[PDB]
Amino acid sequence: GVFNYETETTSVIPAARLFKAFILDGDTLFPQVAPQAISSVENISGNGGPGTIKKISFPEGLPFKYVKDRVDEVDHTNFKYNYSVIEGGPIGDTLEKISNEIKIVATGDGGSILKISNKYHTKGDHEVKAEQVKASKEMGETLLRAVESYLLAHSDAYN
């Protein structure tokens, strides 16, 4: 089956600035600002656009050693980002892949909102556990806060 789980998170960083840092430059920033979550990001193929395959490694202590993500679309105009988790991590036995979409929207107060959607493709009627969905949202939050903290500490970065 196909199961979709959506969530929203708030950020104090304006959309344009956040998209550049959190989405476009996540590969270089994550391992620096969130060493407890991401140990390293390695390009496996492509130069950054659609079809690009990346390998994300996690510091030892996390449930997974690594995951391979594929960039599906990067829409600079609408601050939209689509990518899929296709190997490693929770991929296996009854879960074939996870398609994700991140959309960053500007808010009236000058900040932004991140609309997140995770779609799980499972075998037949098998469902995904709530913890797997929760863990996913928490890592997302954890990464955003790290990037957010870095930007507030370096006003000359990404602007």
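Numbers for residues come from their place in the sequence shown, where the first is 1.
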Subject >> Between the two ranges 6-14 and 147-155, the one averaging a larger CA B factor in the entry >> reply: 6-14
**OP:** Look up the CA B-factors in the entry and say which stretch, 113-121 or 39-47, has the higher mean.
**Re:** 39-47
Original post:
Based on the PDB record, which member of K55, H126, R70, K97 exhibits the highest Cα temperature factor?
Top reply: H126
Original post:
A130: which third of its chain by C-alpha temperature factor?
Top reply: lowest
